[PDB]
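Trainee: Pasting the sequence and an experimental structure:
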Amino acid sequence: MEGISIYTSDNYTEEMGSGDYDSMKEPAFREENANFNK
Amino acid sequence: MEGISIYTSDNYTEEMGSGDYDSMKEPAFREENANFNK
Amino acid sequence: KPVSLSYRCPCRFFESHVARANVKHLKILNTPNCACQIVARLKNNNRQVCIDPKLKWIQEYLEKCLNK
Amino acid sequence: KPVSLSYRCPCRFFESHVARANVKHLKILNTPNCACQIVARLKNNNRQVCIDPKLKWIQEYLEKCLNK
């Protein structure tokens, strides 16, 4: 979370813009055996 | 080191075998503030 | 070479979930106004995809990298 | 071309304590015979170098990437 810094100069050359794949999530730092959703 | 499977065979195309920069290091999870060795 | 248009994310849409068995490798690139932009290349499926850095397998990968 | 059938790690040597001032972004590629392995693509002066993924700035970087 710490906004220390990024790379001094990425200057990112975008390869593509893309358009999503499947489900998304947030870290829970724990295993998950209780529910499945999409 | 735990995981179901890693990237299942990248077949990595060597782009520069590098040449070593300085020293080496190893993490211990527990932070190391004073690390003065080079 | 205007590669960085503005303070925008390289990937307009990100690929969440994805198959970690279908991935080549990851690239962590962080533009100064976006989350930890991780982009991973597909072995054979389409092309290179942008991965959500909040994915459980991404977390695991990051976490286990400290170990391995 | 060298194919990953035999055990070939990109780091013939690896840049440990590489300068972050010189890095644009990191490409993480865990090769079968080797630990977590990162190759960093550098700014205009250098190209790519293979990184010691045991560096404190790498570890911290991984750790913050989990959620930021």
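Mentor: Cool, got the structure. Residues are numbered from 1 along each chain as shown, chains lettered A, B, ... in the order given.
Trainee: can you count the residues close to residue A:16?
Mentor: Residue A:16 has 14 neighbours, counted by other Cβ atoms under 10 Å in any protein chain shown. The way it works is simple: take the backbone N, C-alpha and C, and place the C-beta from them, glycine included.
Trainee: list the contacts for it?
Mentor: C:11, C:47-48 (Cβ atoms under 8 Å, 6 or more residues apart in numbering or on different chains).
Trainee: Return the entry from these with the maximum number of neighbours.
Mentor: residue C:11 (25 neighbours).
Trainee: coming back round to it: near chain D, list only the ones from the contacts of residue A:16.
Mentor: By Cβ under 8 Å from any Cβ of the partner chain, no member of the contacts of residue A:16 lies near chain D.
Trainee: Counting only strands, which of these make the cut?
Mentor: When strands are assigned by DSSP state E, the members of those inside them are residue C:48.
Trainee: export the contacts of residue A:16 to CSV and tack on distance to residue A:21?
Mentor: Rendered in CSV, the data for those read as follows (distance: Cβ to Cβ, whole Å):
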residue, distance to residue A:21
C:11, 11
C:47, 12
C:48, 12
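Trainee: The contacts of residue A:16 into JSON lines, with extra columns for distance to chain A?
Mentor: Output for the contacts of residue A:16, formatted as JSON lines (distance: Cβ to the nearest Cβ, whole Å):
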{"residue": "C:11", "distance to chain A": "5"}
{"residue": "C:47", "distance to chain A": "7"}
{"residue": "C:48", "distance to chain A": "6"}
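Trainee: Nearest to chain D among the contacts of residue A:16?
Mentor: Sorting the contacts of residue A:16 by distance to chain D puts residue C:48 at the head of the list, at 11.2 Å, by Cβ to the nearest Cβ.
Trainee: That closest one against residue C:29, yeah?
Mentor: No: judged on Cβ atoms under 8 Å, residue C:48 makes no contact with residue C:29 at a distance of 11.8 Å.
Trainee: what touches both of the two?
Mentor: Listed as contacting both residue C:48 and residue C:29 by Cβ under 8 Å, 6+ apart are residue C:39.
Trainee: List the residues that contact the residue of chain A most remote from its centre.
Mentor: Taking Cα atoms, centre = their mean as the measure, the residue most remote from the mean C-alpha position of chain A is residue A:34, 22.9 Å away. Neighbour list for residue A:34: empty [criterion: Cβ under 8 Å, 6+ apart].
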